[PDB]
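Only one chain is shown below, in structure tokens, and it's the form deposited in one PDB entry.
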């Protein structure tokens, strides 16, 4: 069995405006992204999407599902069930739940049934002609804290240990269901429901068609690369002599970490700090969560010890809301040894449209 292409969309909703916040989707989406990339999937990973953002991302993923393509859609977050229908709850959903503000799972499944995909795996990890659809519906908020301090969901804990196996995906999911049935938290409970219309031996490990005769995979690699460009590191020189470096890192397709570091501080300056401020209003960055001494303090625990020491960190987690160039100010507060007060100096910076903001 061959795949025309391998495309995946992973959505993790945590920071809910009107519902309890979740912790596991952060690590789960991150770890599943790296695992799927190892299996040659072009992965788009998105955190904290609103109703209109979720609908657009799912529609765009559905658009990639041409004949023979392998697709994987994973959603982790709040879910709701109402009279035979299940719904994915976006972060801007009002309380109480209502269908028009949520994404109907049955409507997605119905649109997936119309595709001629080689394999379509739709996995929900919710806090409650064949299309070859394999649907996994986990209803575990329960999670486990690792030796690292990161929260791993019950479904993903077992899934990550078996996802790289060269076995038929339905057989793989049935092993994960057995693992959860042995787990004390989910032992005698209906924690995972698998529905499958898979008539042939398809696996996530199946190779992609050769590029000599099938160039669809190359186009999608170019489009994935285009939507995943990080700004290059930049050095700003200030009038007092201080030089600041602005660094960039990616956590998810819509989550970027910005850090500032002091490259040079003249001897005359006793203490200086470079802060990033005045970001575009659509980004919704609360200044009390920016310019932290560690990446963890910003909510960034993946790509945390992989950033230089003695920097200030800022997490931009809503890049899908950016409709213009990312223009912000680098503020430098500095003190001379024998001076009365702190001196302020501001410099504007344009880093274009990073990651999915490019689209």
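Rigid core here is just the name for the largest C-alpha set that superposes within 1.5 Å across the two forms. Numbering follows the first chain given and starts at 1.
Below, we refer to the form solved in complex with a partner chain, which is not included among the displayed structures.
Colleague: Would all three of 236, 315 and 354 be in contact with its partner chain in the deposited complex, where contact means some heavy atom lies within 4.5 Å?
Modeller: The answer is no; none of 236, 315 and 354 reaches its partner chain.
Colleague: Please pick, from 289, 278, 268, 144, the one residue with any non-hydrogen atom lying within 4.5 angstroms of its partner chain in the deposited complex.
Modeller: Going through each option in turn, the one that passes is 144.
Colleague: So in the deposited complex, does residue 126 come within 4.5 Å of its partner chain, heavy atom to heavy atom?
Modeller: Yes, residue 126 lies within 4.5 Å of its partner chain in the deposited complex.
Colleague: So in the deposited complex, does residue 77 come within 4.5 Å of its partner chain, heavy atom to heavy atom?
Modeller: Close contact exists here: in the deposited complex, residue 77 approaches its partner chain to within 4.5 Å, heavy atoms only.
Colleague: Applying a 4.5 Å heavy atom distance criterion, does residue 9 contact its partner chain in the deposited complex?
Modeller: Residue-level check for residue 9: no, no contact with its partner chain.
Colleague: Does the 4.5 Å heavy atom contact test between residue 21 and its partner chain in the deposited complex come out positive?
Modeller: Residue 21: contacts its partner chain in the deposited complex.
Colleague: Choose from 236 to 244, 217 to 225, 144 to 152, 258 to 266 the stretch whose residues reach within 4.5 Å of its partner chain in the deposited complex, heavy atoms counted.
Modeller: Residues of 144 to 152 come within 4.5 Å of the partner.
Colleague: Fix the rigid core, compare C-alpha positions between the shown form and the other one, and report which of 44, 330, 69, 49 shifts by 2 Å or more.
Modeller: Spelled out, the residue whose C-alpha shifts by 2 Å or more is 330.
Colleague: Superpose the two forms on their rigid core, then report whether the C-alpha of residue 214 is displaced by 2 angstroms or more between the shown form and the other one.
Modeller: Shift at residue 214: 2 Å or more after core fit.
Colleague: Superpose on the rigid core, then tell me if the C-alpha of residue 108 is displaced by 2 angstroms or more between the shown form and the other one.
Modeller: Yes: residue 108 shifts by at least 2 Å between the shown form and the other one.
Colleague: Would the C-alpha of residue 271 be classed as shifted by 2 Å or more between the shown form and the other one after rigid-core alignment?
Modeller: After core superposition, the C-alpha of residue 271 moves 2 Å or more between the shown form and the other one.
Colleague: I want to verify one pair: residue 148 and residue 43. Are their C-alpha atoms nearer or more distant in the deposited complex compared with the form I supplied, knowing the change is 3 Å or more?
Modeller: Note: Cα gap between residue 148 and residue 43 widens in the deposited complex.
Colleague: Taking the shown form as the reference, report whether the CA atoms of residue 190 and residue 25 lie closer or farther apart in the deposited complex; the distance changes by 3 angstroms or more.
Modeller: Those two alpha carbons end up closer in the deposited complex.
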